[PDB]
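Each remark here refers to the structure printed beneath this line.
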Amino acid sequence: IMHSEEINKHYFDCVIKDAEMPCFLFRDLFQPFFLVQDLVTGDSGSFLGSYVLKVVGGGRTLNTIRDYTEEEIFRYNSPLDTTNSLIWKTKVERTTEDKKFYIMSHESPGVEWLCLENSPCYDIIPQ
Amino acid sequence: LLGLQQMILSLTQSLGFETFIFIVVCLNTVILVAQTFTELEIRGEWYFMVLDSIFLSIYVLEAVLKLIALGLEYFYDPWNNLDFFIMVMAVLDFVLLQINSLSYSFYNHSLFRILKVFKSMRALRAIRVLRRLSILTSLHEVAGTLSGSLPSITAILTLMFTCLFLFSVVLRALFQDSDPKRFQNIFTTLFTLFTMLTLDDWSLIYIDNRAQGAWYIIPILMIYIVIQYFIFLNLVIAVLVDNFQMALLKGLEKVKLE
Amino acid sequence: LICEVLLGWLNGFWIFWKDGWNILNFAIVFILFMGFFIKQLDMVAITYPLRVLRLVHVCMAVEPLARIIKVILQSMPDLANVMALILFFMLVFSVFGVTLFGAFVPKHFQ
Ligand SMILES: COCC(CCO[C@H]1CC[C@@]2(C)C(=CC[C@H]3[C@@H]4C[C@@H]5O[C@]6(CC[C@@H](C)CO6)[C@@H](C)[C@@H]5[C@@]4(C)CC[C@@H]32)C1)COC
Ligand SMILES: COCC(CCO[C@H]1CC[C@@]2(C)C(=CC[C@H]3[C@@H]4C[C@@H]5O[C@]6(CC[C@@H](C)CO6)[C@@H](C)[C@@H]5[C@@]4(C)CC[C@@H]32)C1)COC
Ligand SMILES: COCC(CCO[C@H]1CC[C@@]2(C)C(=CC[C@H]3[C@@H]4C[C@@H]5O[C@]6(CC[C@@H](C)CO6)[C@@H](C)[C@@H]5[C@@]4(C)CC[C@@H]32)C1)COC
Ligand code: NA
């Protein structure tokens, strides 16, 4: 939240904020930060390593999330899909084998939410 | 062509069509001044796009109907000409939006914002509303005398721009690689000279040049300042004072006329 | 000062109030006076400079000076109109500048 506040010069939380989870604006590029924690010893630090980030489920509301199938995950998270189904896109050169998914890191720009028309996040009107 | 256009007229200049459109324009400007806080624009983003498509449709209505009514006489008046240009910008950014993906990389694209400010230009129509209700004409007199002064204001303004432009050309020719941060490009030469013309930190560029390059810029800058700030801007002041003096003599003779 | 306001009132409440300089001097002396009773006004930021705004009506008797003040006061409404022009001009450009340089350089254009 501190880094999104700094890059995107503004932070607005959900109108009905929840202390457990802060909410991120679809306009702002979402760059998450993870840290590895040792439970045996107190030492906890940021995760300076690469990872593969994917969206594997979605819900119009909480308690409505549904895991997607492998083909759906491919069509949503991978740039190779021709159908306008991508949920997000990031500008990073690293990619996995067969170029299917990006390989992100803490130094990457971030995740840009775009919600093409086939993606489940499309055609959403406030209830 | 004589009955259809004529009824389009007599519905167009109607004393309800104008009020309907001014209600629309005052609503659009209250939205447009709502959108400049970031605490309301970010919340109420989804309703604002709906409302602005609505306003685009309304402006299609008005512009097409007025053109069909009044031929090229519509193009004749400049108040409308402003509206037509605003219309063109609105339709262009509409189609550009549809031909792109409405995402973050387009929010932060400069051309999207540039096309958005021209929407701000719709607020100008609001003055027309303020004119009918009245501005009280409290600044009718000042505006009238500014109106009288402008013909010579334009002339002296373009003369001093010309002086700016010549000095900018020669300064680019001479003082490259002596502080390239300031005027490595012709455009930044011209801007540096223009911002000198307001006398803000103008000694700083002399010192900056003298540090690494050389000081020949001091006679050029002194002569520049002499010509522009000392003999040109004072001309603007002088001509404005004389114009308002004529306004005052007119008022004195007019009040003695009664 | 209070004695002088009393003398002015001694000539008739209304004529003393049929002026502007008298109401100014009265306002100054009254704000000064209430400091004795109330406690949150008897502070230097409110009591010192008023004793200097009391000095202008004194300087008025120095008519090589007074004509300057009279010119300023007479020209004030025209300056109000010019001020209104400038503000009404500034608001429009403020709108345009925000809707351009918002979400970019927000130190000056939010
Ligand atoms: C009272 O009745 C007057 C009527 C004649 C009206 O003529 C109008 C012609 C259009 C004109 C010149 C007028 C007023 C606003 C003017 C606009 C203000 C904006 O200013 C600009 C330039 C300056 C910029 C800072 C902002 O944008 C232009 C783009 C915009 C503008 C100059 C376009 C032209 C407009 C006057 C005769 O009635 C008998
Ligand atoms: C009553 O009928 C009058 C009519 C003649 C009308 O002439 C008009 C010509 C345009 C002119 C000079 C007039 C009024 C407002 C003037 C504008 C006010 C703004 O002021 C400025 C300069 C000052 C700034 C503080 C704000 O912006 C200009 C950008 C803007 C301006 C000076 C552009 C020029 C406009 C008068 C003849 O009818 C028979
Ligand atoms: C043809 O004859 C017309 C005449 C009546 C003329 O009335 C004039 C009254 C002053 C008025 C309203 C007029 C034109 C330019 C107007 C200026 C343009 C500028 O626009 C603004 C606002 C919009 C900003 C974008 C720029 O600045 C104002 C600060 C400035 C302005 C709105 C101040 C008011 C001026 C019309 C009657 O003749 C019989
Ligand atoms: Na200065």
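By convention here, the chains of the structure tokens are called A, B, ... in the order presented, each chain's residues are numbered starting at 1, and ligands are numbered starting at 1 in the order presented.
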
Long-range neighbours of residue 96 (chain B) as a PDB file with N, CA and C atoms, in the first residue's frame, 10 Å cut-off, only C-alpha atoms, 5 positions minimum in chain:
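This is the output file out.pdb:
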ATOM      1  N   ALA B  90     -15.106  16.241 -28.909  1.00  0.00           N
ATOM      2  CA  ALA B  90     -15.851  15.228 -28.165  1.00  0.00           C
ATOM      3  C   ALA B  90     -16.033  13.964 -28.990  1.00  0.00           C
ATOM      4  N   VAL B  91     -16.451  14.114 -30.243  1.00  0.00           N
ATOM      5  CA  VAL B  91     -16.681  12.930 -31.061  1.00  0.00           C
ATOM      6  C   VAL B  91     -15.363  12.221 -31.351  1.00  0.00           C
ATOM      7  N   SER B 101      -8.111   0.254 -25.766  1.00  0.00           N
ATOM      8  CA  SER B 101      -8.458  -0.514 -24.580  1.00  0.00           C
ATOM      9  C   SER B 101      -8.355   0.392 -23.363  1.00  0.00           C
ATOM     10  N   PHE B 112      -4.589  10.997 -24.268  1.00  0.00           N
ATOM     11  CA  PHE B 112      -5.891  10.822 -23.635  1.00  0.00           C
ATOM     12  C   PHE B 112      -6.255  12.035 -22.784  1.00  0.00           C
ATOM     13  N   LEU B 115      -6.861  15.165 -24.977  1.00  0.00           N
ATOM     14  CA  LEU B 115      -8.213  15.162 -25.501  1.00  0.00           C
ATOM     15  C   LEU B 115      -9.235  15.409 -24.406  1.00  0.00           C
TER      16      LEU B 115
END

**Report entry** Distance query region 208-211 of chain B at most 7 Å, only C-alpha atoms, self and fewer than 3 positions along chain excluded, as a list in words
**Finding:** residues 178, 179, 204, 205, 214 and 215 of chain B

Report task. Return the neighbours of chain A among the residues of chain B, cut-off 9 Å, counting only C-alpha atoms, as a count of residues only. Result -> 11

Query - Test item: residues no farther than 8 Å from ligand 1, counting only C-alpha atoms and all ligand atoms, as a ChimeraX atom specification - result: /B:77-82,124,131 /C:93

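Using only C-alpha atoms, the shortest contact distance between chain A and any of C:76, C:56, C:103, C:46 is found at C:103.
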
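If one restricts the calculation to only C-alpha atoms and all ligand atoms, the set of residues situated within 8 Å of ligand 4 consists of residues 198, 199, 200 and 201 of chain B.
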
Query raised in the report: Within 7 Å of ligand 2, counting only C-alpha atoms and all ligand atoms, which protein or nucleic acid residues do you find, written as a PyMOL selection string?
Result: (chain B and resi 143-144+146-148+150) or (chain C and resi 85-86+89)

Query raised in the report: Nearest to chain C among B:248, B:60, B:123, B:24, with distances taken over only C-alpha atoms: which residue is it?
Result: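 So, comparing all the options, the nearest one is B:123.
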
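The environment of residue 121 (chain B) within 8 Å, counting only C-alpha atoms and disregarding residues fewer than 3 places along the same chain, consists of residues 86, 117, 118, 124 and 125 of chain B; 96 of chain C.
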